[PDB]
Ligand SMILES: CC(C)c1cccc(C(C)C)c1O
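Only one chain is shown below, in structure tokens, and it's the form solved without this ligand.
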């Protein structure tokens, strides 16, 4: 067993396909997802050709170890995939049809910039390294790229599974390597973030602004500091579900900005009280009266600016 030799001096073309059976565990923090799929491989091995009329049979079967099979590997996996050879068929002209069912944990970076209203392109990169007697090159048989209808990935919507047809061919340690890019396009179901995080977070913020209709320092200090604490909780909660990025994320920005609002609210609450103690309630009164409008307005303007920058 060793590679089938060139008729002329052409590279060996291995036709590939991936057909997703299952998708699970898209782990945002680790930036990985698990996949369970059929991997199909096809290539011409002439040493294996036979006659259809005299052979009586129109297709022949083989056990993995009996014939040469190209070593296809995934680039971005954690560990070598788990594979069960399902079937190997050889037709008269010596065309081999290989089919395996595999499962793997795939590494694939996510762009958290628009979280939780983001979309991602997961990748599964197939690769093959040329042997000494000949160069192996990959291709996509579109007929065999797909996914079953039930493939659901919790908390995500699956848009499409397609392969970039043209391999990237390059040299790696003095041998040719042929690599294919299968893409799984998904978008996050942001729905639940609304009632679980966003609204509660806004509610507590608005509750903080009631201090602008109160002349009680002690009350205000309680309103503002208490809610600020609840905000910290949401901040901590949100940040435990994301990995640490070197860029601001949309939610990250809103969350951060909101601290600025609490800080300024505290200042206002402080100033108002100070003026009152210093026997000048009228300045205090008009600073608070202004704040009742400024706060919601600037909060609204700042958010529009952010949504614009981010979307």
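Residue numbers count along the first chain shown, from 1.
Although not depicted, the form solved in complex with this ligand is the subject of the following passage.
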Given the pose of this ligand in the deposited complex, superimposed here by the C-alphas around the site, does the shown chain leave the site open or is it blocked by 3 or more ligand atoms within 2.4 Å of backbone or C-beta atoms?
open
This ligand in the deposited complex has a heavy atom of only one listed residue within 4.5 Å, and of 238, 145, 137, 90 that residue is 238
With this ligand left out of view, choose which of 106, 96, 201, 163 has a non-hydrogen atom within 4.5 angstroms of it in the deposited complex.
201
Does any part of residue 117 reach within 4.5 Å of this ligand in the deposited complex? Heavy atoms only, please.
yes
Going by a heavy atom distance of 4.5 Å, is residue 48 a contact of this ligand in the deposited complex?
no
Even though the partner isn't displayed, in the deposited complex is residue 158 close enough to this ligand, meaning a heavy atom within 4.5 Å?
no
Within 239-255, which residues come within 4.5 Å of this ligand in the deposited complex, counting heavy atoms only?
250, 251, 254, 255
